Structures are given as C-alpha cells and as structure tokens.
Amino acid sequence: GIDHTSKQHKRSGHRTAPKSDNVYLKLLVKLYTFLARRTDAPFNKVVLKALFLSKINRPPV
Amino acid sequence: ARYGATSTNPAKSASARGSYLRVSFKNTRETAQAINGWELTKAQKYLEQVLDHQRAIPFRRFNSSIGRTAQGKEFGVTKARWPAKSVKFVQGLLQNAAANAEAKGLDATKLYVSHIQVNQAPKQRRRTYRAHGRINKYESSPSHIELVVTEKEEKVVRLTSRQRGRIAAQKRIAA
Amino acid sequence: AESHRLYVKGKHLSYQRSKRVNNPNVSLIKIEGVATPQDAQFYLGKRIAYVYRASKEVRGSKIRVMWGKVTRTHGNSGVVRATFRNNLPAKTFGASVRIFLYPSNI
Amino acid sequence: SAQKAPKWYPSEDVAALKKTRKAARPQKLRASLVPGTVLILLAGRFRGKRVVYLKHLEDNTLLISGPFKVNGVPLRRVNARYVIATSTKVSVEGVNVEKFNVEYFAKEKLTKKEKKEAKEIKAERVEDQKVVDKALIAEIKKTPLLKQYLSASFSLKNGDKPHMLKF
Amino acid sequence: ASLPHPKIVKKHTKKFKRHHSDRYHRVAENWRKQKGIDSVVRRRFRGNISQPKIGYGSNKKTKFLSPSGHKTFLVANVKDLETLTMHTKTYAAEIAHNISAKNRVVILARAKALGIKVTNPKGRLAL
Amino acid sequence: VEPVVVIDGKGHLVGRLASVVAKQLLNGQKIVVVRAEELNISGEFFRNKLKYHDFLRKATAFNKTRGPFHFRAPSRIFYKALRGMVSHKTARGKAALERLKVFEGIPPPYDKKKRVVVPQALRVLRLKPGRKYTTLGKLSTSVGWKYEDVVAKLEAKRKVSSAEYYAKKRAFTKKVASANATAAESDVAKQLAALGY
RNA sequence: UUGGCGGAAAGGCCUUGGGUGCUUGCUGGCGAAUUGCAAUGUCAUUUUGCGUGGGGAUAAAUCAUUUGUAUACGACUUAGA
RNA sequence: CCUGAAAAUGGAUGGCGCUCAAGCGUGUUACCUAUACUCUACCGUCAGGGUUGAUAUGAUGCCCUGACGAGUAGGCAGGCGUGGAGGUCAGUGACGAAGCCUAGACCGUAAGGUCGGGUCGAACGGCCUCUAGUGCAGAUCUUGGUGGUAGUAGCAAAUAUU
RNA sequence: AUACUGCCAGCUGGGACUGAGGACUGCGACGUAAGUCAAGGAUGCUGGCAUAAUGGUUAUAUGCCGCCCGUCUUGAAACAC
RNA sequence: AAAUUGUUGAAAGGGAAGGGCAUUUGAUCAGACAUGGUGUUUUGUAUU
C-alpha cells in the first residue's frame, strides 16, 4: 500500500508505433527508429515522432 | 440383447427379459430387489408365500408413508407389502428364465438370480379431472424387468540397499 | 539396552494459526522437559520424523515416514516450529514425532 | 496442416555455463572434535555405538574405528554432522592412518549394465584393520572401564534432556 | 532428452472450476467470473474459491512445456513432421486424433527414424 | 512421561484444574481424574449454589428433555466445566474427551496406581488464605447428587486399605534405607559420593 | 504351585516353596564388517478370515394359527407339538 | 465494592470458567500473527532505454533497468469459442469425419485447445482474412421432457350384495 | 571497577528460506608479480531409486475457514423478490 | 445428451450435503537415460 501521488500504469499518451498498417510506412519508421537511436541529432527524433502522426495531425503543406 | 451390468459369463448364465409391463414400477423394483441374489427354487417358493401373505416383500427404498407390518421383521425393516401384480409379473419371468436355463442345459440345483434389474418404461398418458375444471396427467409406470440366472460356483519385492542389506543381515545373524 | 531411543520425542501440537486462520505449512512441536526458548535453541535444525503405521506395505515395509526439521522457537514455553517435506496430515494433532539429535551441534 | 507453424523456432544450442566463483575451501571441524576422541554414532547401521575418531578425511568425512574387537564398528567413514563429540579422548600417537583415503573406501565401479535385478570382506581390509586395532587396544587398556564403556551402546533414557546433557 | 530448462512449477494446479458448478448441473464446469453485486467469489472472501489472475501466469521460459520439457506440436502428415527434423530437442510431435491407424504407422516409423519424440505412440494401435 | 496419568482432585480448583487438564488432553496425554467430589471452587458455598441454580434455570423451553443436561455428579459437573475448554463439537475435541475419564472416589484399577496432583491449580497454593472455598462434594450434595454418602462410606474402606499398604511399604522403606545406609560409608559408596551420586 | 486378599468399573495385587533362562557383581576368550557417509530402516497393540490339535456344549426367535388384560398398523399380552 | 437496580422462550465478559484473578489500575519486558513492511523468484502493465558498415530469421522481435498491481457502474486493449465466406495446408477421413461419454492425460492464468479409451457412422479441420440470426443460470423466460412430494392424497352421496 | 546508554569498516557459533542468470567485459581485494578470490546471483562430493518412489487427478478423513446465487438497494444469508 | 431411474462396483454419513488452503489414506496416471552415448580387431572390413 503506497500513497499514489500520480496515476499508476498510465500510458505516456503518445503514439509509439504507427497505427497504420502501411508496410512501406513501417519501413521508414524502421529506418528512423534506427537513426534516432543511433544519432544524437534531434532532427531524427522529431521526424520520427511526426511520422507516427494521424491524418489530421499531418495536415497538407 | 444388451443386458445390465453383469459380472457373470454368457456360458454359465440364462436370461429373461420383459419390456413394457403394465405393472407398478416402484412395486416391481422392491420385488426384484427382494429376490436379488437368491437361488431360483427358494425364490420361487418365496413368491408363492407372498401371494398367500405368508411372507412380505420388504420395501426398502420406495417405502414412504406405507404402513408397518410384522412380516418385515424377517428382512430387518418394519415396512413390507405383498404386491400381487408385481410378483406375478416376476415369477412369470422366473419361469421364463428357468425354461431358458433348461434349454441352454444348466444345472437346476445351482441356479440363482445373479442380476435382476427394473427400469422405467415409457409411461402411458391419460386424463384425470380435478376441481375447477383442471386437467392433470394420470399415467402409468411400466417396467423394463430384466434378469439373468446363473449356476453357482466355488508383487515385485523391491528393497533399498539398506533394506536388502538388512534382509541379508537378519538371515545370517540368526541361523 | 531395553531402550533404543536415539531420539527425543515431541508432540505435534497444532498448525501455525491465528485465532480463526491456520497455516498447514508450519507445525508446532512441544518437546519433553524443555521449557525455556534458550534451552530449545539446542533443538534448532534437528531432524524431525513423523512415523505412522500405513495400511499396506509401501516400500517393502508397513511403515511410512514424513521428514522435517525444527526451524525456530515459538513462544516462551519451548514449543518449536517445524517445517516438513510434506505437511502433517492434520489428523496427528497431539500425535508423537521423533526428533533425532542430528545434525549434531555438539 | 493440423497445427499451422511456429514462426520463431527456439535455438537448439545449449548456452555455456557462466563462470562460477565457488571454490572448494577446506572444511573446518567443530572444536570438540580432536583425533582420538570417542564419538557417539547417531545415524545408520551403528546408531548409539561409541567409536574412536581417527582421521579427518578430505571427503569432509570422519574416519572412525571403534575397535572392532570391542564394538564391531569397522574402519569406516562417517559424516561429521551425524556424530556427537564427547569430552573423553584416547591417545592416538601410536596408530598409523596415513594410508587411509577415499579410494581405499572405493566401493565398486558400478555401471548401468552390471546391475543385479534379483538382489566377502576383502583380505586387505581385515589385515589393515588388525594393524590399526592393535594400536587402539594397546592404548585403551591404560584407562579403566573405557573398554566396557566403548563396548556398550548409547541410548537416551527417560527423563534426561539432551539439550542439558554434556557429552 | 530435452534441452536444459528451470524446474517447472505451475504456480497453480487445481483447475478454476466455476462457482457452484457442483451445486447446479446446468452451470457448466468451465470458468466464468461471477459478476454479481453480492457474489462472494467476486468480492474475494476468505475460504472461497480462487479466481484466476495474471499472477498465476507460468514462467515465460517454461510456458507451453510438457513436463518432459517439449512443446506440444500437433502433426498430421509426413511433411508437417519433416518440419521438426532439426528441432528434436525442443518440440514433440502429437498425431492428430483424426489420423487413420494405417496412417499413424508411417508417421511413427518416420518419427523414430528422425529422433522426434512422440507423446502418443500407442494411439489407435491395432493388436 | 506416563502413558496415562491419574490426577487426584483433592485440594484442586474446578477451573484451574480443568484448563490444565484440557490443554494436556488436546496435547495427547491421557488423563484420568479421581476424587472429583473433593474438588474446590473459589467462592463461598452459598454463592456457588446460586450460580448453579441460575445454571439449572436454563432449560429448553419447548422440550426440556433435549435441553442442557444439568448433571449433578461431581464427575460430570467437572466434565461440563472441561467441555467448553475444548472444542468438543469437532472430531479432535471428541477424541480428546475420549481420552478423559473423571471418577468419584478412586475406583479400580486406579486405586492401586500413583495419583498425581497439579501444583499449579491447588487450592492451597492459588487461593489467598482466608478466602472461602466451596467443596464440590457439598455442592453436588445440595444440587441433586444422591451418592455423596455412599462414596464416603466406601472411601473409608479404601483409605484403611491404602493405609495398611503404606504400613508395609514404609516398613520396606525402612528396610531398604537401612540396607543403603549400611552399604554406604563404603569404598564404592564414597566413590559414587564424590562422583555425583 | 501353597495359599490368600481385592465387588466401586473386583479381572488386579501379595506371598510359600521348587524348577527353569539369563545375570553387567568381577575376570576372560570368539563373532560383528559390504545397510559401502543418513534415509523410522520395521520388533507394538486391537478386530478378524482362512488351517493346524486338543478342550467343551448339543437352542432359540420370527413369520404363520390363535387369545384379548392390547391394539390405527406395528407393538404388547396369551395359547398350540 | 454494595443498596438504589423490576420483564416477560433458556442464556450469555463469546463460552468454560476465574477470587494475592483468568477482575480493576499501572509498568516492565518476552511472545503470537494480516493479503501490512523488507528481501527473492515468477506473471502482467507501464515507463526509460540497448539491439543492423557481411550481423541477427531481416525489430508489433529480442533484451536490460525500474516502479507498480484492490475494485462495482463504466471505459479501452489483447485474446478464446460458434454458424457461414475467400485463400492455403496438392490438410484429415469408411483401416472410421462429425457427434457423444470419460473422478483418463497434457497445454493455457482463463475463455478454451489437444491427446488417449468406448459408442459411432460420413463428412470435417488448422492458419491469414471476411461476415453474423455468434457464447446464457436466471427474465413468475418459451417449448419439450423429467423429478421429490409419492406408491402418498384419493378412487367414502345414490341403503347391498351373497 | 561496574551498571546504563552508545560505537566498532570486532570476532565468532548455531538455525531457517532462497540458488533466480547462463562464454568474457565491470567494480574490487589479496597477491612484487604469475595468479587466485567469499569480487555484476551455486557449486563440489556422496548416496538411494529409477518407479507409483516424488508428483498430479479424484474420493474420503482431519485442522481451520466457507451463508444461496441474480437483482433493486445506503444497506441481502435475509422473515425482499 | 442431460435431467431422471435401475443394477453392479467404490466411498462416506451423530440435526444437512456441497466448496478453499494443506496433508494423510485409498484408487488411478506421464516422465526418465537406461541417448545414435568419452567408440572399437566384423566369423573371405556398419552390433562398440
């Protein structure tokens, strides 16, 4: 019995993998999960997160 | 004919079957259970005494709210009856079994009722009439009496090393 | 001699229990002539065997044994807890257990 | 196909055992055990037999021989935990026990084929027992009544408590 | 035999029989969590049956293992059995219940020749 | 250590003896109680008479036959007191009472065998002097026991029989102690003396 | 085996004398072993079921019939070679 | 402490009981034991991470570290099972498919799955997906059947039969 | 001096439970060093058995616990349905 | 098929029976390792 300051087993609230089944998309994420883990440049980290986004979260540019 | 659970051999046995017999099933079961395991001659004489009220069939399972009698003291129970219909259906089958045994060539002196069994046959619907114009079922309980009569009739020792050493020890020490 | 007792006897008093909950894993053994827990400290680790007469021969012998060992003292009355390979049948409450002197400390 | 397939097949190889930092340091005995003491066997064939402790073998066992001419316990090894040491001791500066070791007690090279499904003391054992017992008996005669004491068996009588007994 | 594995313990062996499955014949034996407002099983009272939990989950290194240490793999024909030829140590073959007696003998003959352990060698033998 | 131990009831308390007895029964020791009518109860005699009459007041209203059997014999009032100190409703409790036998006087074969007291439950040792104690024999007498006199007229027979036993036993103890004294002051006896015996 | 005593649940106790086995009260002499380092390492005490070989004795009850001091039925109470 | 102190089934410090207490007051230690706390193992969830230059089944994978785990209404996730559809296993099957029974075995926490034995006679499965008239203990549920009650109540108006 | 309180990177003895991981890395100690090690988790030796022996299923017994489920309800074993 | 019933067999039963933790007892059940195995002269060289 512990005083739970915060909720337990709560998920981070962020996508970890693309909910989409697109096999070619998962190839890009597979590459960039490698790049983000094996480069300290925040560019790979931010682009990896932006690939997980949904259709409305990726608005056309 | 797929008889009941028999512990005998078909060679030294004779059988009689009766199906859809319009007899009180509950009264028949008690009649069958009474003679169960008796030699045929004494059982046949038993039933004759039952008609003439010299002896009473002990009612052991289906016995609720039936009156007491002195003739049940033979069987150790205070509840016994003389069901005439159930008996005459049984001795008719005993005579059939005896004839079957004679036909198969079995000794008359050693013949005993090894297995006797009663089962509830399909029950014939009728129509009683109760108060306030209500109809209720008024139905029989026929019996599938079956019985078979038969003639009468008349490991590795492991040890441990300690144990085997012990069994050798006591042999050699007390000679 | 007339006495071949290489062991010391004990009584299987009861399971380790609360007021209304028992634990069959831990048995309580009361030793003869033992009163203080300090005195019972000599019996820690000793092997306990419960010996009972079986129905049929099991291993070329009519007897059977359930082995155990004293694990800790229990209270101030010299009752010692015992852990058995297979727990006591719970019918032997107040029965006799044999408590040998090995593993000998002295 | 009755069962479709396992996609991930476990590897058949055996993983090498991690290096073990568990050496075999020599075993110490209880301070009450001195070569030449009179032990009290507690377990096995010879329960309750007083014996004489002779040599601490490398097998972490005890080479005891309560003189065979007295109690019948042969030259045999026992376990240091199933024996009770006693304050009494006997002089053993006249018995040779150097040749005693593990393979002198090597029972029999048993293989899975030489197994008897149904169910002769070595001359070397007896003669080597004699030359030892000659030294044990010769020394034991100086102290009185100990030969009788060693001959007799030990038992826990009624009403005496081993927790408060001194051996 | 099988490749080395830790001593397998089920962590629970008695089957989780449904509440009152003995009491009422209509209540099947298979487990159904009692979801009543007053259910003592749901409320986890002392002295009542244990409901299945995730704590009872077997060791992941010893899951789907028969006590012999082999994972049950259910084979029906020769070619499916040819799949395990290099995995004798980990998988054991079980011939399906609908494989004919004349067809088991070729499987059993092939399995013993390939070292595959079969856990029902006596199934549907004629003698 | 005895396979069965015979407890004398003279000078004991019903409660304190019962609890000691009840524990020893469950532990497995077999106990037979003798001279239960010589039991004592702390509290003046009339106080306990009310305490029993209040107990005798409890009868199953609709059928007094099946109610609490208010036994009056000293053996059974003590037996009642020991029940409730043991879970007699279960098999373990039933086996415990089976190992218990409570008697009036000292019936054979327990007459010719060593009686035992519980020092821990004695009236002398546990009651502050001056406190009124109630004899169980006098209590049972009032509450309905009809054999208080006959067990008395027979205990007198047994006591003189046991008294003659101790007459010849004390004569033997003189004989054996005289032999021990004569066989003392000897080289063997002196060596045992310095030995520890 | 002389006797006794013991009726509370006696079923036990005591004694005379004799034979018998052992005797560690003292001194000897011979055997122990392989149960292989422990595995209670089995020795008790109830109840019968088959048989050995002696002893001892050689019926009742119930049903059925009947009687009514009894009685719903049982039961009870009678009588009947 | 006593009187004050009287309620109706028999009766309640829980009971037995307890009198230098086993009561009241107080203090000392010793001791007992919760699913509490500590440590370890395992399950699961979450979190933070490691893991691709001929090197690993090619990553919802594997692994490491850590913290937690109650739960109705309710929410979400991963799964099991049923009727049928597309594909596949050139799947199984009259030498026996389905079904049914099995205080016989095994797997899974479980939904369930598998195997053995018996009856049985003609179709039926595993996996990837699709679809739904898809999972029952209750609804004074529907239909069918069967029980205890129970060989019981009762088969006694109309004078009566031998 | 001793009591009490406290400290020891003081020693030592006994007892219980646990052996998770599976090449190597690392921290470190002792070693002049070579190396060994109680240093990022148990090894060594011995014995018995090799099957109902351990274990499982089931039935029973015992110790303790266990109210009859669904639902309405603040509240269900309810003399609520 | 189940309810339900009979027979046989097994088991238990002092105002319930049934269930859980644990073990006894009885009944019943799978596993070892007895591995092609540190090889061992083929009776005109694949049994170690």
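Residues numbered from 1 in each chain as written, not as in the entry; some residues may be left out. Chains lettered and ligands numbered in written order. Part of a larger assembly, values for the part shown. Heavy atoms only, no water. Residues with missing side-chain atoms left out of burial classes, pairs and counts.

- Method information in the entry identifies cryo-EM as the source of the structure, with 3.09 Å recorded as the resolution.

**Some remarks on the pairing of strand β2 (residues 91-95) of chain E**
All names here are of chain E.
Consideration 1: Across the five residues of β2, five count as buried, placing the element largely inside the fold.
Consideration 2: Strand direction decides the pairing type here: strand β1 (residues 71-75) and β2, joined by five bridges, are parallel. Counterpart to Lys71 in the pairing with β2 is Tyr91. (Buried < 20%, exposed > 50% of the residue type's maximum accessible area, 1.4 Å probe, protein only. Helix = DSSP H or I, 4+ residues; strand = E, 2+ residues; numbered from the N terminus. Pairing = 2+ DSSP bridges.)

**As for unusual backbone geometry**
Across the chain, the bulk of peptide bonds are trans and the bulk of non-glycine residues have phi less than zero.
Consideration 1: Of note, the bond from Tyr102 of chain C into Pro103 of chain C is cis; its omega dihedral lies within 30 degrees of zero at 0 degrees.
Consideration 2: Along the chain, the position of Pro103 of chain C falls in the segment after β6 (95-99).
Consideration 3: Of the consecutive residues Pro108 of chain F and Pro109 of chain F, the connecting peptide bond is found in the cis state with omega at 5 degrees.
Consideration 4: Along the chain, the position of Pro109 of chain F falls in the loop between β4 (100-102) and β5 (115-116).
Consideration 5: With a phi angle near 70 degrees, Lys11 of chain E is a residue other than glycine that sits in the positive phi range.

**Quick notes on the interface of chain C and chain D**
Consideration 1: Tallying the contact residues gives 19 residues for chain C and 23 residues for chain D.
Consideration 2: The junction of chain C with chain D conceals about 1800 Å² of combined surface from both sides, 59% of it contributed by carbon and sulfur atoms.
Consideration 3: At the boundary of chain C with chain D, the tally comes to zero salt bridges.
Consideration 4: Summed over the shared surface of chain C and chain D, the result is nine residue pairs in polar contact.
Consideration 5: Among the residues forming the side of chain C that touches chain D, the class breakdown is ten nonpolar, five polar and four charged. (Contact = heavy atoms within 4.5 Å. Buried area = accessible area lost by both parts, 1.4 Å probe. Salt bridge = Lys/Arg side-chain N within 4 Å of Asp/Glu carboxyl O. Polar contact = N/O pair within 3.5 Å; in protein donor to acceptor, adjacent residues only side chain to side chain. Nonpolar A, V, L, I, M, F, W, Y, C, P; charged D, E, K, R; others polar.)

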